[PDB]
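Q: Shown below is the structure under consideration.
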Amino acid sequence: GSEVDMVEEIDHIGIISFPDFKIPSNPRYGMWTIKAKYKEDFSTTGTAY
Amino acid sequence: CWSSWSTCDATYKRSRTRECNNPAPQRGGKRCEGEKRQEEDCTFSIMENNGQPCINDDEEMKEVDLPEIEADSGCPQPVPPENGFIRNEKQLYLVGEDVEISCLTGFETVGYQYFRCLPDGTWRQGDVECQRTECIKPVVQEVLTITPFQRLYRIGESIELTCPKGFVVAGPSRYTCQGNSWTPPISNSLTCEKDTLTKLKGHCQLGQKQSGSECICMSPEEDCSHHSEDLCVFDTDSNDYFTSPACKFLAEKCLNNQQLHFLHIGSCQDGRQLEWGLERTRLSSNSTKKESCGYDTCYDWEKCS
Amino acid sequence: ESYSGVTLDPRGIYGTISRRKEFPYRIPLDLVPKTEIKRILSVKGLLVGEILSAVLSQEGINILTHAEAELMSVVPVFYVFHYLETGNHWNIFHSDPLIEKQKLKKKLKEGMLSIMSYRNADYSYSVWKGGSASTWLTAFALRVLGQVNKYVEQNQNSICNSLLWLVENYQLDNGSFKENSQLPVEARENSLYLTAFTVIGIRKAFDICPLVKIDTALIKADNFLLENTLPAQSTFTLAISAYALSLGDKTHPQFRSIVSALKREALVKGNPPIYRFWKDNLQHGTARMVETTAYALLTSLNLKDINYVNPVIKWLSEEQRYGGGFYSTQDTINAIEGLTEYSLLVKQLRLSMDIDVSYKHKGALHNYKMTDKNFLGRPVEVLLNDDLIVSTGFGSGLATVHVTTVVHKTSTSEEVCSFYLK
Ligand SMILES: *[C@@H]1O[C@H](CO)[C@@H](O)[C@H](O)[C@H]1NC(C)=O
Ligand SMILES: *[C@@H]1O[C@H](CO)[C@@H](O)[C@H](O)[C@@H]1O
């Protein structure tokens with residue numbers, strides 16, 4: 001349930017490409033989570049696993 | 001009417017003076033009924049609340065509730081290690097949140113000090129403990145006047161406690177703290193009792209005090225059960241060598257037997273050398289009085305000097 | 001084995017300032033032949049909850065420049081002047097910031113000249129003409145004077161002798177304080193107020209004029225509040241004594257027991273609480289509860305806790321509080337100070353910290369730049385074997401660095417396991 005890393009990216013296309021994430025030297029096994037927000041000014045959320 | 005309403009001032013409750021002037025004279029007989037000036041509190045706001053304000057009436061204790069919703073999946077407030085002290089106190093912690101623990105005065109956190117909330121309601125409880133860097137001044141009593149005097153004491157430092165100007169603490173006089181933190185009793189405390197060497201108001205100890213006229217004597221055995229160091233005395237027609245605790249020495253010498261008096265000295269365990277000094281106690285009123293040195297044995301038994 | 005971690009404090013908010021931390025590189029005897037030791041590091045923390053409210057600006061137009069009330073007149077000015085510097089906003093008025101600030105200093109210059117008239121040749125302070133002596137005014141005045149030292153200046157030799165008169169005379173052997181100027185159980189409560197009130201004033205001026213005899217007095221002063229506040233007497237009594245002790249050592253065992261006893265007497269509104277307040281009377285211009293909350297607020301602000309403070313500020317921002325307060329300014333000044341201390345605490349944590357993790361004898365591994373946008377840090381592998389040292393610049397905020405060392409350990413170490421198996 002602990003947050004790992006955050007990344008912000010500009011969207012030109014409508015398809016937002018993000019730099020590849022990576023698993024830490026000593027990973028914590030289980031089902032991870034990916035949440036997305038529009039930052040300013042919207043509250044729109046998304047969740048991936 | 002009413003007039004004189006003023007802006008907030010010196011003290012100041014707004015004056016609002018009242019005059020009886022409507023009438024005007026008169027056959028006399030007279031005046032009017034009421035108070036001339038109120039003199040009600042003045043108000044002020046800083047304020048900028050926006051305001052509005054909008055408020056309703058409700059109160060809680062610690063209200064029972066319970067506030068806890070486990071559908072939100074979060075941990076309760078954790079129990080700190082020995083000597084406790086968790087910072088940023090909360091009622092409910094979120095999953096994945098970690099809270100740092102610190103030690104009360106005075107110690108030092110040793111090892112990894114943090115508590116992380118698991119997906120399940122328990123805590124990680126990483127290895128941590130509290131090592132004692134410094135030991136703190138005991139509660140004791142106002143009688144001392146304790147040395148050395150600091151806020152806290154480092155390991156290896158010893159403290160000395162004495163009760164002036166009279167009496168004594170009777171022990172322990174000095175103790176060092178390795179945590180540890182000595183062994184002072186806080187239950188019975190110390191409460192220094194007047195020394196036997198103190199001349200001033202020494203006969204009032206058995207008095208009690210506050211009654212009646214006031215302090216004189218206590219009897220028969222009610223002054224006993226105390227340590228009462230042993231002393232060897234002889235009197236009252238029985239005339240044996242005896243021995244006796246200091247409890248009954250000041251007992252036998254009192255309103256009761258002092259008319260037949262009593263005798264004397266000590267501190268002999270009865271004994272070898274000091275015995276022949278009592279031999280030798282046979283000269284008292286013979287043939288007139290006792291003038292030698294302290295041959296009168298003072299009157300109230302002193303040091304003497 | 002995580003085995004280590006530290007919370008970096010740039011401003012030294014909690015106790016001492018913490019910047020540099022050395023993570024030692026050690027080799028256990030249980031180590032497997034060959035292999036290696038791997039270490040990972042990350043950073044996180046802060047995220048202040050709410051910005052909440054503010055104060056003034058009508059007060060500047062209301063009370064700034066707007067017989068014996070001269071004291072009450074100039075007293076809040078010092079507390080008001082502190083907020084303006086803490087909030088750092090003089091920009092609200094049409095006039096130039098320097099024109100306003102320099103105009104305010106003249107009011108404080110007259111304020112120190114107005115408080116000088118209340119000083120007797122005894123170096124103490126008296127209310128009317130110097131006819132009688134009161135410890136209360138001598139204490140209350142020392143709070144205001146302690147505020148000046150952070151701004152303009154004050155002469156030590158002239159101020160220091162004012163503190164001596166309390167220890168030389170008015171400090172009881174029991175540690176309690178009393179004044180000359182004038183239900184048996186009521187006597188204990190009245191002593192705690194007089195004790196705590198003096199502890200505040202003295203603690204304020206103690207830093208400007210360090211003295212061994214005064215420092216000795218504080219040990220006996222605070223210790224009196226620790227042992228005698230054990231039973232519950234009055235919330236207001238408990239509040240002031242808690243704040244006086246909050247100015248001292250906050251890590252004291254008996255102090256936490258006092259704070260805990262104070263939090264139980266606290267009243268709230270909402271689940272979770274929207275507002276948190278304190279009411280003195282049990283089963284009870286008329287509102288005296290503003291003082292007990294202001295002391296409790298300042299107590300938690302000195303404990304540097306946002307979460308507990310936020311509901312209290314909401315209560316002092318807008319309430320049935322009116323007011324509706326007296327002396328004054330004895331009630332108001334503690335609210336101004338609370339809002340002054342609060343605006344500081346919010347400013348105290350900006351998470352502007354810049355963290356640089358490097359090896360002791362080797363080059364920089366990585367550097368984290370913490371902001372409001374990024375409050376988090378990515379796990380970084382520590383492979384090469386050397387002492388690891390993480391440090392920070394000046395910055396603003398609070399952050400916690402965690403470093404875990406993963407080392408494969410045999411198991412041929414049964415010397416530790418105490419079991420021979422075949
Ligand atoms: C001391 O003096 C008188 C003198 O005649 C003698 O009778 C008496 O027995 C002696 N007193 C004592 C107490 O032995
Ligand atoms: C004096 O009082 C009466 C009522 O007490 C009002 O008519 C009047 O305006 C004034 O306040």
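Note on naming: chains are A, B, ... as they come in the structure tokens, residues start from 1 per chain, ligands start from 1 in the order shown.
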Which residues sit within 7 Å of ligand 1, counting only C-alpha atoms and all ligand atoms, listed as a PDB file with C-alpha atoms, in the first residue's frame?
A:
```
ATOM      1  CA  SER B 284      24.725  10.461  92.856  1.00  0.00           C
ATOM      2  CA  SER B 285      23.221  12.482  95.713  1.00  0.00           C
ATOM      3  CA  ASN B 286      25.980  11.238  98.056  1.00  0.00           C
ATOM      4  CA  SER B 287      26.557  12.865 100.343  1.00  0.00           C
TER       5      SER B 287
END
```
Q: Residues near segment 231-235 of chain C, anyone? I mean within 12 Å using only C-alpha atoms, not counting same-chain ones fewer than 4 positions away, as a PyMOL selection string.
A: chain C and resi 185-193+225-227+239-242+257-267+277-282+288-296
Q: Just N, CA and C atoms for this one: save the residues we selected as a tab-separated table (two decimals), in the first residue's frame.
A:
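Full text of again_12.tsv as output:
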```tsv
chain	number	residue	atom	x	y	z
C	185	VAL	N	-9.28	24.01	49.69
C	185	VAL	CA	-8.68	23.34	48.54
C	185	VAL	C	-8.42	24.26	47.35
C	186	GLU	N	-9.06	25.44	47.35
C	186	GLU	CA	-8.94	26.42	46.28
C	186	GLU	C	-7.54	27.04	46.18
C	187	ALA	N	-6.76	26.93	47.26
C	187	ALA	CA	-5.42	27.50	47.33
C	187	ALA	C	-4.43	26.84	46.39
C	188	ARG	N	-4.60	25.54	46.13
C	188	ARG	CA	-3.69	24.80	45.26
C	188	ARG	C	-3.77	25.26	43.81
C	189	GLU	N	-4.99	25.49	43.32
C	189	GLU	CA	-5.22	25.90	41.94
C	189	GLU	C	-4.63	27.27	41.66
C	190	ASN	N	-4.83	28.22	42.58
C	190	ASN	CA	-4.34	29.59	42.44
C	190	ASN	C	-2.83	29.65	42.37
C	191	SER	N	-2.14	28.71	43.02
C	191	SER	CA	-0.68	28.65	43.02
C	191	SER	C	-0.14	28.15	41.68
C	192	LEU	N	-0.84	27.20	41.06
C	192	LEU	CA	-0.43	26.65	39.77
C	192	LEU	C	-0.47	27.69	38.67
C	193	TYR	N	-1.49	28.55	38.69
C	193	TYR	CA	-1.62	29.62	37.70
C	193	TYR	C	-0.46	30.58	37.81
C	225	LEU	N	5.28	21.88	38.44
C	225	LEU	CA	4.12	21.69	37.60
C	225	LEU	C	3.95	20.23	37.23
C	226	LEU	N	5.03	19.47	37.24
C	226	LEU	CA	4.98	18.06	36.88
C	226	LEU	C	4.30	17.22	37.95
C	227	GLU	N	4.73	17.38	39.21
C	227	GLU	CA	4.24	16.59	40.32
C	227	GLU	C	2.86	17.02	40.85
C	239	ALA	N	-4.44	23.71	31.17
C	239	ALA	CA	-4.02	24.26	29.89
C	239	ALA	C	-2.77	25.11	30.01
C	240	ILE	N	-2.78	26.09	30.92
C	240	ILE	CA	-1.66	27.00	31.11
C	240	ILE	C	-0.40	26.27	31.58
C	241	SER	N	-0.59	25.27	32.46
C	241	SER	CA	0.52	24.49	32.98
C	241	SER	C	1.11	23.61	31.90
C	242	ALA	N	0.27	23.17	30.94
C	242	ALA	CA	0.73	22.33	29.85
C	242	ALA	C	1.53	23.16	28.85
C	257	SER	N	2.10	12.68	30.14
C	257	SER	CA	0.95	12.28	30.95
C	257	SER	C	0.02	13.45	31.13
C	258	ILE	N	0.57	14.68	31.14
C	258	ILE	CA	-0.20	15.91	31.28
C	258	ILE	C	-0.92	16.22	29.98
C	259	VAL	N	-0.20	16.11	28.86
C	259	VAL	CA	-0.76	16.36	27.54
C	259	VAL	C	-1.89	15.37	27.28
C	260	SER	N	-1.67	14.10	27.66
C	260	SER	CA	-2.66	13.04	27.50
C	260	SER	C	-3.88	13.34	28.33
C	261	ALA	N	-3.69	13.88	29.53
C	261	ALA	CA	-4.80	14.24	30.40
C	261	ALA	C	-5.55	15.45	29.85
C	262	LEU	N	-4.85	16.29	29.08
C	262	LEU	CA	-5.44	17.48	28.49
C	262	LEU	C	-6.28	17.11	27.26
C	263	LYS	N	-5.81	16.14	26.48
C	263	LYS	CA	-6.49	15.71	25.26
C	263	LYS	C	-7.79	14.99	25.57
C	264	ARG	N	-7.90	14.41	26.77
C	264	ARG	CA	-9.11	13.70	27.19
C	264	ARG	C	-10.20	14.68	27.59
C	265	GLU	N	-9.80	15.85	28.09
C	265	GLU	CA	-10.72	16.90	28.49
C	265	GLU	C	-11.12	17.79	27.31
C	266	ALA	N	-10.57	17.49	26.13
C	266	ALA	CA	-10.88	18.23	24.91
C	266	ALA	C	-12.21	17.82	24.34
C	267	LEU	N	-12.96	18.77	23.79
C	267	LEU	CA	-14.26	18.51	23.19
C	267	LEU	C	-14.20	18.76	21.71
C	277	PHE	N	-12.25	21.88	20.71
C	277	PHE	CA	-12.19	22.94	21.72
C	277	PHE	C	-12.12	22.40	23.14
C	278	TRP	N	-11.85	23.28	24.10
C	278	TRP	CA	-11.77	22.93	25.51
C	278	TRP	C	-12.73	23.79	26.33
C	279	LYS	N	-13.51	23.15	27.22
C	279	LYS	CA	-14.43	23.85	28.13
C	279	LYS	C	-14.03	23.56	29.57
C	280	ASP	N	-13.79	24.64	30.34
C	280	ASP	CA	-13.31	24.53	31.72
C	280	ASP	C	-14.33	23.94	32.68
C	281	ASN	N	-15.52	24.55	32.74
C	281	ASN	CA	-16.56	24.13	33.68
C	281	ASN	C	-17.14	22.75	33.38
C	282	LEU	N	-17.35	21.96	34.43
C	282	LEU	CA	-17.92	20.62	34.32
C	282	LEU	C	-19.37	20.67	34.77
C	288	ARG	N	-15.00	32.42	28.67
C	288	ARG	CA	-13.65	32.29	29.24
C	288	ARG	C	-12.93	31.09	28.62
C	289	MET	N	-13.62	30.31	27.78
C	289	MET	CA	-13.08	29.11	27.14
C	289	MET	C	-12.08	29.41	26.03
C	290	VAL	N	-11.97	30.67	25.63
C	290	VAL	CA	-11.05	31.10	24.58
C	290	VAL	C	-9.63	30.98	25.08
C	291	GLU	N	-9.41	31.26	26.38
C	291	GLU	CA	-8.08	31.20	26.97
C	291	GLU	C	-7.56	29.78	27.04
C	292	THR	N	-8.36	28.86	27.62
C	292	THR	CA	-7.97	27.46	27.76
C	292	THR	C	-7.67	26.79	26.41
C	293	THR	N	-8.38	27.21	25.35
C	293	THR	CA	-8.16	26.66	24.01
C	293	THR	C	-6.89	27.27	23.43
C	294	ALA	N	-6.67	28.59	23.68
C	294	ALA	CA	-5.50	29.29	23.17
C	294	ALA	C	-4.24	28.70	23.75
C	295	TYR	N	-4.27	28.35	25.05
C	295	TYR	CA	-3.15	27.72	25.72
C	295	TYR	C	-2.97	26.29	25.17
C	296	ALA	N	-4.09	25.58	24.96
C	296	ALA	CA	-4.04	24.23	24.42
C	296	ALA	C	-3.57	24.25	22.98
```
Q: Only residues of chain C matter here; which ones have an atom within 8 Å of chain A, counting only C-alpha atoms? Give them as a list in words.
A: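 On the chain C side, the interface is residues 40, 374, 376, 377, 378, 379, 380, 381 and 406 of chain C.
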Q: Find the residues near ligand 2. Use a cut-off of 10 Å, count only C-alpha atoms and all ligand atoms, and write them as a PDB file with N, CA and C atoms, in the first residue's frame.
A:
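Ended up saving to pocket_35.pdb:
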```pdb
ATOM      1  N   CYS B   1     -35.063  58.627  27.549  1.00  0.00           N
ATOM      2  CA  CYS B   1     -34.423  57.821  26.506  1.00  0.00           C
ATOM      3  C   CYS B   1     -33.197  57.072  26.919  1.00  0.00           C
ATOM      4  N   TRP B   2     -32.286  56.951  25.942  1.00  0.00           N
ATOM      5  CA  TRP B   2     -30.949  56.406  26.057  1.00  0.00           C
ATOM      6  C   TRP B   2     -30.090  57.074  25.018  1.00  0.00           C
ATOM      7  N   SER B   3     -28.839  57.345  25.377  1.00  0.00           N
ATOM      8  CA  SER B   3     -27.883  58.018  24.503  1.00  0.00           C
ATOM      9  C   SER B   3     -26.469  57.640  24.923  1.00  0.00           C
ATOM     10  N   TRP B   5     -23.923  56.168  23.560  1.00  0.00           N
ATOM     11  CA  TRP B   5     -23.266  54.961  23.040  1.00  0.00           C
ATOM     12  C   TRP B   5     -21.906  55.323  22.466  1.00  0.00           C
ATOM     13  N   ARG B  16     -23.183  54.494  27.595  1.00  0.00           N
ATOM     14  CA  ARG B  16     -24.618  54.678  27.381  1.00  0.00           C
ATOM     15  C   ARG B  16     -25.307  55.328  28.600  1.00  0.00           C
ATOM     16  N   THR B  17     -25.042  56.619  28.836  1.00  0.00           N
ATOM     17  CA  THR B  17     -25.645  57.346  29.955  1.00  0.00           C
ATOM     18  C   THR B  17     -27.129  57.613  29.688  1.00  0.00           C
ATOM     19  N   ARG B  18     -27.895  57.819  30.758  1.00  0.00           N
ATOM     20  CA  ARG B  18     -29.330  58.052  30.676  1.00  0.00           C
ATOM     21  C   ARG B  18     -29.705  59.280  31.513  1.00  0.00           C
ATOM     22  N   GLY B  34     -35.008  53.570  37.721  1.00  0.00           N
ATOM     23  CA  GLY B  34     -34.108  52.846  36.825  1.00  0.00           C
ATOM     24  C   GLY B  34     -32.642  53.158  37.085  1.00  0.00           C
TER      25      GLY B  34
END
```
Q: Taking only C-alpha atoms into account, which residues of chain B are within 7 Å of chain C, as a ChimeraX atom specification?
A: /B:10-11,41,43-49,53,58-62,67,88,104-105,111-112,142,151
